[PDB]
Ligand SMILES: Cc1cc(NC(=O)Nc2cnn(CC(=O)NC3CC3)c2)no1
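Okay, here we've got a single chain as structure tokens, the form solved without the ligand, with questions on binding and movement later.
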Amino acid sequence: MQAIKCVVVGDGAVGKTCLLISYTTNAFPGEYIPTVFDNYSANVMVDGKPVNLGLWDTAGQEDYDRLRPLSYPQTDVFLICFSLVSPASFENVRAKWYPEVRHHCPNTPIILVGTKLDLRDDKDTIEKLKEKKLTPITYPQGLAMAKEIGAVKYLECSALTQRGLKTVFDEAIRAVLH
């Protein structure tokens, strides 16, 4: 049984639930999306062989800080996520998630994932952030953060349109095969 444990960390701005629901169901835009993903594995085809892709969201809330790391043993690959339209969630990649992952799992490969790619050039969202002295995270800014935390890849995706979405999971698998 070829089995990969992929753990997802990131703030509430990220849409971790939509990311994992969109990937595992390919539900149509407009369908009811639950509050939490249920952390069930997905079987995926890699070079004519079955791979069991264990997909775990973590309980990101600060009151679960002490116990969240019990999710981390034997993790094969981490997706550290931020929203491209939340600078605070991007700074929490290096301020919170990277140090937390590295405390428990010094050597496990990290993929840096920017989500909500579909909003980075939504007129109403660009206007909204403008009014607060903010700008969406750009591709080069993301790449720089990936180098800073020693991520093996930086990828950007949209749960809504599935632009970039398959590549995140393809690269997660590739990172564990090396």
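All residue numbers are counted from 1 along the displayed sequence. The term rigid core refers to the most C-alpha atoms you can superpose between the two forms while keeping them within 1.5 Å.
Of 113-121 and 44-52, the stretch whose C-alpha atoms average the higher B-factor in the entry
The entry gives the higher C-alpha B-factor average to 44-52.
Selected stretch [higher average CA B-factor]: 154-162 or 20-28
Stretch with the higher mean C-alpha B-factor: 20-28.
Checking the record values for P136, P69, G142, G60, which has the greatest CA B factor?
Out of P136, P69, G142, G60, the record gives the largest C-alpha B-factor to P136.
CA B-factor placement of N107, once the chain's modelled residues are sorted into thirds:
Within its chain, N107 is a highest-third residue by C-alpha B-factor, going by the deposited values.
So where's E131 on the chain's Cα temperature factor ranking, which third?
As the PDB entry reports it, the C-alpha B-factor of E131 lands in the highest third of its chain.
Pull the Cα B-factor of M1 out of the PDB entry and bin it into the chain's lowest, middle or highest third.
According to the entry, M1 has a C-alpha B-factor in the chain's highest third.
Quick check on the deposited entry: does the C-alpha B-factor of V7 sit in the lowest, middle or highest third of its chain?
Tercile = lowest for this residue's CA B-factor.
Another form exists, solved in complex with the ligand; not displayed. Remarks below refer to it.
When the contact criterion is heavy atoms within 4.5 Å, does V51 count as touching the ligand in the deposited bound form?
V51 lies outside the contact set for the ligand.
Although the ligand is absent from this view, report whether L119 comes within 4.5 Å of it in the deposited bound form, heavy atoms only.
Yes - in the deposited bound form, heavy atoms of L119 and the ligand come within 4.5 Å of each other.
Every residue of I4, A175 and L177 near the ligand in the deposited bound form, heavy atom within 4.5 Å:
No, the whole trio is out of contact, none within 4.5 Å by any heavy atom.
Superpose on the rigid core, then report which one of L129, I149, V152, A27 has a CA displacement of at least 2 angstroms between the shown form and the other one.
Between the two forms, the residue that moves is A27.
Superposing on the rigid core, is the CA of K49 displaced by 2 Å or more between the shown form and the other one?
Yes, the C-alpha moves 2 Å or more.
Taking the rigid core as the reference frame, is the Cα of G60 displaced by 2 Å or more between the shown form and the other one?
Comparing the forms between the shown form and the other one, which are aligned on their rigid core, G60 does shift its C-alpha by 2 Å or more.
Closer or farther in the deposited bound form, the Cα atoms of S86 and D63, when the shift from this form is 3 Å or more:
Those two alpha carbons end up closer in the deposited bound form.
Indicate closer or farther: the Cα atoms of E62 and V168, in the deposited bound form, relative to the displayed form, with a change of 3 Å or more.
Between the C-alphas of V168 and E62, the gap narrows in the deposited bound form (3 Å or more compared with this form).
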